[PDB]
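Q: Give me a 3D structure for the following:
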Amino acid sequence: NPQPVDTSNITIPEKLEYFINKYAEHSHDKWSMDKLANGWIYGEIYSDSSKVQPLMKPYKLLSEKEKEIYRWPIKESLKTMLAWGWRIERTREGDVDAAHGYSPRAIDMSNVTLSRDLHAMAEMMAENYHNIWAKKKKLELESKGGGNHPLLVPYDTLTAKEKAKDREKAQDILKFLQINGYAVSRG
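A: Numbering: from 1, shown residues only. Next up is the structure itself:
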């Protein structure tokens, strides 16, 4: 029985939407630099044989709904924090050779270390990623009449690596909350 919290009935305030603009830009900087590690170059058609992808374009040329391709798992994840009462408040201020196309230098995320209460928050963000995605997996396979999936088991009976595939996305939020220095606790 996956139990995610309901998210779509929640209003994120507009002061956090300026914080979404920094993290949606960082999601485009991180996604494009991993393509620059293999030499993916800006082009017309997504042909994987020619090492060419057409979305190797700057973040400024994207329109607002093209930014909602990246912002939409960002906006669902902050509503899981506001439904559970997780405080996002200002206390502190916020701080491979380059290939063709847009060439960003993203802020390094995994060298920043969370504390044991904030590892317990990525323990719940990845569990809620294990609860949003598996419930949408079960309602995908019971709407199509398909099978089941080996991640339709409880989150504590998972191994540490099957938690980590949704935790690496959950650690990119709390550490970017730590680099910008927001007081982030369970409340």
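
Q: Now the spatially most central residue of the chain. Its backbone dihedrals?
A: Closest to where the C-alpha atoms of the chain average out (Cα atoms, centre = their mean) is residue 169, at 4.6 Å. In terms of degrees, to the nearest 10, the main-chain angles of residue 169 are phi -80, psi -30.

Q: Going forward, the N-terminal residue is numbered 839.
A: From this message on, residue numbering opens at 839, which makes the last subject residue 1007.

Q: Tell me which residues touch it, please.
A: Residue 1007 makes contacts with 911, 964, 967, as judged by Cβ atoms under 8 Å, 6 or more residues apart in numbering. C-beta coordinates here come from the backbone N, C-alpha and C atoms, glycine included.

Q: Which among those residues count as buried?
A: Buried members of the contacts of residue 1007, counted by 16 or more other Cβ atoms under 10 Å: 964, 967.

Q: Closest to residue 900 out of the contacts of residue 1007?
A: If you rank the contacts of residue 1007 by distance to residue 900 using Cβ to Cβ, residue 911 comes first, at 15.7 Å.

Q: Adding secondary structure and distance to residue 933 as columns, could you present the contacts of residue 1007 in a markdown table?
A: Below are the contacts of residue 1007 laid out as a markdown table (DSSP: H, G, I helix; E, B strand; the rest coil; distance: Cβ to Cβ, whole Å):
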| residue | secondary structure | distance to residue 933 |
| --- | --- | --- |
| 911 | helix | 24 |
| 964 | helix | 26 |
| 967 | helix | 27 |
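
Q: bridging residues for residue 891?
A: On the basis of DSSP bridges, residue 891 is bridged to residue 880.

Q: In contact with it, which residues?
A: Contacts of residue 891 by Cβ under 8 Å, 6+ apart are 873, 878-881, 884.

Q: quick one: the strands in this structure?
A: Listed in chain order, the strands of the chain (DSSP state E) span 879-880, 890-891, 927-928, 1020-1021.
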